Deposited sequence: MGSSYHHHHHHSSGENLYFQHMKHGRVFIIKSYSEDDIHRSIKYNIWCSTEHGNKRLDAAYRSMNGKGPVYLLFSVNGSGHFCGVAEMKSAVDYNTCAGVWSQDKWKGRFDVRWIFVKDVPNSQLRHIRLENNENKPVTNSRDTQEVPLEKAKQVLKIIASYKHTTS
């Protein structure tokens, strides 16, 4: 048995959807990310209200790719006035992350997990910065960690 994830009771988990493999590569290399304006606001609020009591996890997936590509933890609030044009298309600001898992996990492994906060759609049909309920997030994390 593996009961690790089933015992975490603090933490918030968001889907990250990127159009760009370049941005993913840059994020892994430099441990930074940037979302949309409303995406940045959502993550920032979750980071600041969490007050170090638990992690904010980011489950990354390239739009159209058919798989998730890894997991990172948010590691700073959003800095909204930073150098422009560092990403594939010319985004306002930056926050620190720490990538803790880089592995392709097919959507087939995950599509049976549905989000009650998103019309019961499969977690694999999420938009950028879709939040995941913690009990579903525990299931997703365990599948990602278990995939070979």
Requested in this report: Map the modelled residues onto the deposited sequence and report the uncovered stretches in sequence order.
Outcome: 1-14, 105, 164-167
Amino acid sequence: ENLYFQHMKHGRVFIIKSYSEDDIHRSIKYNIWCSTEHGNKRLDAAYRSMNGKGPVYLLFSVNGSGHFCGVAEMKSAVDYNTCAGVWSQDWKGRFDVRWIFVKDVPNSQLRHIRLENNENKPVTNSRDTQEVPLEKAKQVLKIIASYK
From here on, numbers count along this sequence of modelled residues.
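Under this definition, the rigid core comprises the largest set of C-alpha atoms superposing within 1.5 Å between the forms.
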Query raised in the report: Core-superposed in 8 other deposited structures of this protein, which stretch deviates more in Cα positions, 9-17 or 135-143?
Result: 9-17
Report summary line: Of the two stretches 28-36 and 81-89, CA positions deviate more in 8 other deposited structures of this protein after rigid core alignment for 81-89
Query raised in the report: Looking at the entry, does 126-134 or 8-16 show the higher mean C-alpha B-factor?
Result: 8-16
Report task. Could you check 43, 97, 59, 50 and tell me which one carries the biggest Cα B-factor in the deposited entry? Result -> 50
Query raised in the report: Per the PDB entry, which option out of 109, 35, 31, 63 has the greatest Cα B factor?
Result: 109
Requested in this report: Using the B-factor values recorded in the entry, state whether the Cα atom of residue 103 falls in the lowest, middle or highest third among the modelled residues of its chain.
Outcome: highest
Requested in this report: Grab the CA temperature factor for residue 67 from the record and place it in the lowest, middle or highest third of its chain.
Outcome: middle
Requested in this report: State the tercile, meaning the lowest, middle or highest third, of residue 117 with respect to the CA B-factors recorded for its chain.
Outcome: lowest
**Report entry** Assigned third (lowest, middle, highest) for the C-alpha B factor of residue 82
**Finding:** middle
